[PDB]
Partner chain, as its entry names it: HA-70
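Quick heads-up: it's one chain on its own, the form solved without the partner chain, in structure tokens.
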């Protein structure tokens, strides 16, 4: 049953810089790649009532979740407090994804670096968030 603004289920994850690039793991990094139509580009979103946050697992590796490491990178790892994500919906299915935890006593969010709106081969990082206007921190969650 629905508890929030974002229903449980399988999503593609995209950056607002490109409607044709899809979040998937490459080695131990997360990156946006050409549509593969495969499970590694499918993300299971699950609301957690106790913390009012979301955990997001990879469909091809259902016991691995989006998390972050000690080097500023988003990662795919087993469940832990680092796997809880606090979205801010800023448009139809555009979100800023904050870490539930304060990090270095700031809000930290997914962040993808662009060179003139090109994000090819960039790893998804976890960087400080100050507001809802940073394009590099805006992501689309598409139900699919």
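Residues that one form lacks are left out of the comparison. Each form is matched to the other, and the largest set of C-alpha atoms that superpose within 1.5 Å is called the rigid core. Numbering follows the first chain given and starts at 1.
Omitted from view is the form deposited with the partner chain bound, to which the following refers.
Although the partner is absent here, residue 91 is a contact residue: one of its heavy atoms lies within 4.5 angstroms of the partner chain in the bound PDB entry. The partner chain is not drawn, but in the bound PDB entry it has a heavy atom within 4.5 Å of residue 134. Residue 143 falls outside the set of residues with a heavy atom inside 4.5 Å of the partner chain in the bound PDB entry. In the bound PDB entry, no heavy atom of residue 35 sits within 4.5 Å of the partner chain. In a rigid core superposition between this form and the one not shown, 103 is the single residue of 103, 76, 48, 60 whose Cα is displaced by 2 Å or more. In sequence order, 2-4, 103-105 are the runs of at least 3 residues present in both forms whose Cα atoms shift by 2 Å or more between this form and the one not shown once the core is superposed.
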